[PDB]
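**Q** structure, please.
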Amino acid sequence: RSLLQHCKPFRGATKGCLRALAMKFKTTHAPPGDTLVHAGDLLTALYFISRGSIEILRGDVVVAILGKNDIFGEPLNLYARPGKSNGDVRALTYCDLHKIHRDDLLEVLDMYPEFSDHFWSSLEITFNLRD
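**A** Numbers count the residues shown, from 1 in each chain. The coordinates are given below.
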């Protein structure tokens, strides 16, 4: 508890990495009824929700994507290369997702790997796009 509080989690880029993150940070407000992504679109960047909820309508039907805790995207660790979309990403309610390409992600993690340790530790992708 002491180390978790004294450490710098993925609360949203803290003093240090925030400089690089905030730079490559691409905020996106997705209102209730707006489509963030659609089948066929390439996902060369992960999408992290700050607060709210989103629904991805897959060929068959919506899958399951919570709010912020429902982290998802195209992680370099899991996947080596990007890929097309499997379904249609439709926002559920007014939210604010952030898009970040693998390049930017690797950069921030390269300059400040210590953060990733806690970020990937406290944060865990809830949904994996493109398998």
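
**Q** now the strands: where do they sit in this protein?
**A** For the chain, strands defined by DSSP state E occupy the ranges 26-30, 35-37, 45-49, 54-58, 72-73, 87-91, 95-101, 127-128.

**Q** so which residue is dead centre in this structure?
**A** With distances taken as CA atoms, centre = their mean, the residue of the chain nearest its centroid is residue 48 (2.6 Å).

**Q** pretty sure that one contacts residue 97?
**A** Yes. Contact status for residue 48 versus residue 97: in contact at 6.4 Å, counting by CB atoms under 8 Å. The C-beta positions use only the backbone N, C-alpha and C, and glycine is treated the same way.

**Q** adding distance to residue 13, write the strands of the chain out as a markdown table.
**A** Shown next, in a markdown table, are the strands of the chain (distance: least, CB to CB, whole Å):
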| stretch | distance to residue 13 |
| --- | --- |
| strand 26-30 | 12 |
| strand 35-37 | 21 |
| strand 45-49 | 11 |
| strand 54-58 | 21 |
| strand 72-73 | 16 |
| strand 87-91 | 23 |
| strand 95-101 | 10 |
| strand 127-128 | 22 |
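
**Q** among those strands, which is nearest residue 10?
**A** Across the strands of the chain, residue 10 has its closest neighbour in strand 45-49 (8.9 Å, CB to CB).

**Q** now what about the closest one, what contacts it?
**A** 26, 36-37, 67-68, 70-75, 89, 95-102, 104-105 (CB atoms under 8 Å, 6 or more residues apart in numbering).

**Q** what angle sits between that strand and strand 87-91?
**A** 30 degrees (axes from the mean of the first three to the mean of the last three CA atoms, to 10 degrees).

**Q** tell me the angle strand 45-49 makes with strand 95-101.
**A** Comparing the axes of strand 45-49 and strand 95-101 via the same axes, to 10 degrees yields an angle of 160 degrees.

**Q** count of neighbours near the nearest residue to residue 70 once chain neighbours are set aside?
**A** Distances taken as CB to CB, 6 or more residues apart in numbering place residue 126 nearest to residue 70, at 4.3 Å, with adjacent residues excluded. Neighbour count for residue 126, taken as other CB atoms under 10 Å: 15.

**Q** which ones are touching residue 126?
**A** Contacts of residue 126 (CB under 8 Å, 6+ apart): 65-66, 69-72.
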